Structure formats: structure tokens, C-alpha cells
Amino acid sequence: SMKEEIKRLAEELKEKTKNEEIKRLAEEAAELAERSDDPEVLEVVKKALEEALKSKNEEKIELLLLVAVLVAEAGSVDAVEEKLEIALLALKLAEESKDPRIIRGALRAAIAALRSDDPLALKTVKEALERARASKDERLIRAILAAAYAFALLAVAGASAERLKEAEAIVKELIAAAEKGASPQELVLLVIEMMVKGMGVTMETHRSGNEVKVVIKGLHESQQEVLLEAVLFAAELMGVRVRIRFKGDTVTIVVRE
């Protein structure tokens, strides 16, 4: 049957991985598929699991399993059309590009968007992925994806709705600046600014020579981890070397032009 094949695919996937979250999604997928009545759903789960088994990219596998869980938990592919379209966009961009940074940015932005279940984050990431696919500027694509990931991460972390609304103005500012040739270092500064705004903390910037020092005060340990994930991911995507210092509850992020 369809379900027995799906359970074997999930069983194989969950033993092959060392990633505990992929293991949990594989099991959730198998259980939801077991209870599924909709053959359209079962087809999508099977094709997601088969594709995951053929992949060596763990972010791609996470995205595919998230798709399978979403469709199977919903009962229909139509109920999750927007999330499905975001995942397809990311999967298309990931096979259309050879840059490992673009591949990783597309899949991670889509994963975070889907996990957020946040209307504004879903729409912003969908548009970012469309904009990246229409662009031939790989530098701009990498900046678009870094902004989209940081934004979706704020949503995943439960930023207040009003702080996320204001963070979207910084997404727009970053993308506009990138299109006008702004430096990778200034685009990283904008990702820092977006995170500081999204988390309700404060920042001061100090520039001397070719070094820019951003001092961020009032970060809790939970906020520290979210801000540094977005900022280090952005620095990896845009090829920026970043250094970090910590004293008390103060984080200092150093960028060199």
C-alpha cells in the first residue's frame, strides 16, 4: 500500500540521519501519513520522503520533511498552498544555483518561514524568493536571502507583532541598498539593526578607520542566540568576517571594511 511504503521510507530516513530534528520530523510524517485518508496527501509525503532519501543536503531534507508534515497534518494540499509554494520556490532556487551559499539561504529562509506560521513572514519570504529567482545578481540574491532569513527568524522567535512590522522596513531598506551597490559590510550592519529592532534592545555604532563596532545592550541569553544566528548566517552568506566580544549583558560585533 501507499502507507506501508511511506512508513518504510520514513523508517529508512530516520535511521540514516544523525540529526535529531530530522529524526523527529520523519516519525511525525509517518504517523500523520498513517492516519491520512487523502491520496493527494499521501502522494506528496511519498515523493517528499523519496526525494529526501536521494539528497545529501540536510537542509533540503529538513525542508522536504516539513512539507510532508504540513500537508499530512492539514489533510489536504490545498489547505497549505502558501507554505507549499514557498517550499517549491526555495527548492527551485536551490537547484537553479550552484553557489552553496544561495542554496543554503533559500532552504533556511523557507524552513524558518514555514516554522513561523506568521502571515507577514510567509509573504515576505515568498516575495524575497521570487525576487531572488528573477535576479541574475548573485550578490543581491545572497543579500535578499540573508535579510529574509533574519526576518523569518524574528518571527520564529516570537517577536512582538509591532516589532516585526517595523523590522520589515529594514528588510526593504537592506534590499534597496543592496540593489544600489552597498557594501557587504553595510548590509551586515543592516541585519544587525533589523535584529536589534525585532528584539527590542538597543545599539550604538562606533566607526574608526575601516572598523565598525556595534555595541548591543540588554540582550538576554535567549535573545543573544537568535541575534547571533541571524548575524553570523548573514556574514557567511555575504562573505563578511565578523568578530564578537561579550562583557556582562553587552555584545559587541566588529566588522572591517
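Just count from 1 along the sequence shown to find any residue number.
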property: Residue stretch of maximal mean CA temperature factor, 225-233 vs 26-34; result: 26-34
property: Stretch with the higher entry mean CA B-factor, where the candidates are 190-198 and 66-74; result: 66-74
property: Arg207, C-alpha B-factor rank within chain (lowest, middle or highest third); result: middle
property: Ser116 - Cα temperature factor, lowest/middle/highest third of chain; result: lowest
property: Chain-wide C-alpha B factor ranking for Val41, given as lowest, middle or highest third; result: highest
property: Third of the chain, ranked by Cα B-factor, where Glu166 sits; result: lowest
property: Relative C-alpha B-factor of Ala90, binned into the chain's lowest, middle or highest third; result: middle
